[PDB]
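Engineer:
Residue numbers (PDB author numbering), protein chains in the order written: chain V, 52 to 221; chain S, 2 to 55; chain A, 274 to 343, 365 to 380; chain W, 4 to 57.
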């Protein structure tokens with residue numbers, strides 16, 4: 052019943068079980084491949100976009116902060132540099148806090164994913180982001196945004212990435 | 002089972018057009034089951050594009 | 274080992290492909306109603322399911338309803375044929 | 004003849020007005036989106052410099 056992965060490091064089986072119940076029909080019954088990991092490939096946003104640039108299927112983002120909280124997003128499109136917001140309403144944010152919560156689209160706006168040379172972010176609605184990351188994958192921020200109506204995904208609004216992974220279904 | 006989608010203009014309001022057809026096909030003569038079918042307010046492009054999209 | 278997961282993948286992806294197909298029907302009904310009727314978009318789409326042995330009577334009723342709008367028919371029309379396994 | 008010309012004028016006029024309404028809505032949608040992107044980028048950039056300074 053639990054899914055097949057080609058390796059793993061931030062997720063234990065109880066995280067795999069609870070995520071795999073929620074992923075869309077698009078990606079049910081596919082093995083998970085590790086596209087990027089800070090622990091395998093070194094730590095930078097330019098490396099994350101470089102490893103993602105060949106992809107053409109959805110991705111799961113997993114983050115562990117320095118307070119050990121696990122959170123991230125499921126995103127309908129790979130993380131790429133974009134002039135404007137992109138993605139579709141099957142995108143969601145999630146956290147284990149320590150109980151698993153998932154914040155699917157509110158229907159209010161389509162500000163799902165935005166990538167820049169110096170940051171990656173998800174959500175919108177004023178100055179808010181459900182998840183923002185710096186060029187180093189060192190500082191990030193999470194606050195409630197009206198795209199997802201999310202909680203704070205970390206233990207704090209402002210956080211340090213301990214480590215980060217991007218998985219693709221392929 | 003075979004369905005037919007059809008479409009026709011609202012005679013003033015869309016509900017009157019459906020009421021006429023539901024009367025003619027389902028109430029009086031029992032020729033078909035029928036209902037409304039929901040299409041959203043999709044963005045019409047321009048005439049030169051629509052005649053390609055068909 | 275392969276059978277159970279193959280069946281689940283086929284049931285999921287048939288549902289995905291069928292859902293996708295009925296969205297193309299909504300597009301074709303939209304586009305051809307915008308082409309055949311006035312541009313202030315105000316048409317009603319309707320779904321019919323005919324009784325057997327009744328086709329001619331129903332064609333003649335629909336024609337009698339819509340002849341003033343003037365294969366071809368005086369209304370936008372598509373069949374959906376849900377008998378996939380012949 | 005002239006009734007078909009009146010229909011052609013009405014169709015062309017309606018397409019011009021419809022296209023203007025779609026283009027105005029697109030320009031307003033991009034105005035709100037690029038406000039969200041610019042405001043968010045600007046506040047978050049300076050907020051981080053203040054955070055490191057303190």
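Each residue gets a CB set at the ideal place from its N, CA and C atoms; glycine is no exception.
Measure the CB-CB distance between residue 300/A and residue 38/S and report whether it falls below 8 Å.
Structural biologist: In this structure, residue 300/A sits away from residue 38/S, with a CB-CB distance that is not shorter than 8 Å.
Engineer: Quick one: using the 10 Å Cβ neighbour count with 16 as the cut-off for buried, is residue 288/A buried or exposed?
Structural biologist: Of the other Cβ atoms in all chains shown, fewer than 16 fall within 10 Å of the Cβ of residue 288/A; this residue is therefore exposed.
Engineer: Residue 282/A touches chain V at which residues, Cβ-Cβ below 7 Å?
Structural biologist: Chain V residues near residue 282/A: 80.
Engineer: Residue 104/V by DSSP, collapsed to three states: which one?
Structural biologist: coil
Engineer: Select from the stretch 281-301 of chain A all residues with a C-beta closer than 9 Å to any C-beta belonging to chain S, and list them in chain order.
Structural biologist: 298, 299, 300 and 301
Engineer: Please look up how many angstroms separate the CB atoms of residue 100/V and residue 217/V, rounded, as I've assumed it's under 8 Å.
Structural biologist: Actually they do not touch by this definition, with Cβ atoms about 10 Å apart.
Engineer: Give a yes or no on whether the C-beta atoms belonging to residue 50/S and residue 314/A are separated by under 8 Å.
Structural biologist: no
Engineer: Could you check whether the stretch 14-32 of chain S touches the stretch 117-134 of chain V, counting it as contact only if at least three pairs of C-beta atoms, one from each stretch, sit closer than 8 Å?
Structural biologist: no
Engineer: Under the three-state reduction of DSSP, which class applies to residue 16/S: helix, strand or coil?
Structural biologist: Note: residue 16/S maps to helix in three-state DSSP.
Engineer: Let me know if residue 116/V comes out buried or exposed under the rule of 16 or more other beta-carbons within 10 Å of its beta-carbon.
Structural biologist: buried
Engineer: Which residues share a DSSP beta bridge with residue 185/V?
Structural biologist: 170/V, per the DSSP bridge assignment.
Engineer: Could you pull out every unbroken beta strand (DSSP E) segment of at least 3 residues lying fully inside the stretch 101-170 of chain V, listed in chain order?
Structural biologist: Under the rule that a run must span 3 or more residues, the beta strand (DSSP E) segments found entirely inside the stretch 101-170 of chain V read 110-116, 121-126, 143-147, 151-155 and 164-167.
Engineer: Taking only beta-carbon positions, decide if residue 28/S is within less than 8 Å of chain A.
Structural biologist: no
Engineer: Say whether chain A places a C-beta atom closer than 8 Å to the C-beta of residue 17/W.
Structural biologist: yes
Engineer: In angstroms with no decimal places, state the Cα-to-Cα distance between residue 374/A and residue 380/A.
Structural biologist: 14 Å
Engineer: For the beta strand (DSSP E) containing residue 190/V, list its first residue and its last residue.
Structural biologist: Run containing residue 190/V: 190-192, per the beta strand (DSSP E) assignment.
Engineer: The alpha helix (DSSP H) that contains residue 25/W, what's its start and end?
Structural biologist: 5-56
Engineer: Pick out whichever of 219/V, 220/V, 208/V and 221/V has its Cα sitting closest to the Cα of residue 118/V.
Structural biologist: 208/V
Engineer: What residue from 105/V, 215/V and 66/V has the CA that sits closest to residue 221/V's CA?
Structural biologist: 105/V
Engineer: Please say whether residue 331/A and residue 21/W have beta carbons closer to each other than 8 Å?
Structural biologist: no
Engineer: Which residue or residues does DSSP assign as beta-bridge partners of residue 326/A?
Structural biologist: Looking at the DSSP assignment, residue 326/A forms no beta bridge with any residue, so it has no partner.
Engineer: Exposed or buried, residue 58/V, counting other C-beta atoms within 10 Å across all chains shown (16 or more means buried)?
Structural biologist: exposed
Engineer: For a cutoff of 8 Å on Cβ pairs, would you count residue 25/W as touching chain V?
Structural biologist: Under the Cβ distance rule, residue 25/W does not count among the residues neighbouring chain V, no pair being separated by less than 8 Å.
Engineer: Since residue 56/V is in the beta strand (DSSP E), which residue starts that stretch and which ends it?
Structural biologist: Element bounds for residue 56/V: n/a, residue is neither H nor E.
Engineer: What are the partner residues of residue 215/V, as DSSP defines its beta bridges?
Structural biologist: 114/V
Engineer: Checking contacts by CB at 8 Å: is residue 9/W closer than that to chain S?
Structural biologist: no
Engineer: Give the straight-line distance between the Cα atoms of residue 219/V and residue 274/A, rounded to the nearest whole angstrom.
Structural biologist: In this structure, the straight-line span from the alpha carbon of residue 219/V to that of residue 274/A is close to 24 Å.
Engineer: Enumerate in chain order the residues of its own chain whose CB-to-CB distance from residue 126/V is below 8 Å, with the five nearest sequence positions on each side excluded.
Structural biologist: 109, 110, 111, 112, 138, 142, 163, 164 and 173
Engineer: Going by the DSSP bridge assignment, what does residue 317/A pair with across the sheet?
Structural biologist: 9/S
Engineer: Measuring straight from C-alpha to C-alpha, what distance separates residue 333/A and residue 4/S?
Structural biologist: 17 Å
Engineer: Is residue 308/A close to chain W? Criterion is C-beta to C-beta, closer than 8 Å.
Structural biologist: Not a single CB atom of chain W sits nearer than 8 Å to the CB of residue 308/A.
Engineer: Mapping DSSP to helix, strand and coil, what is residue 373/A?
Structural biologist: Strand.
Engineer: Return the first residue and the last residue of the beta strand (DSSP E) that residue 34/S is part of.
Structural biologist: 33-37
Engineer: Starting from residue 84/V, follow its DSSP beta bridges and name the residues at the other end.
Structural biologist: 219/V
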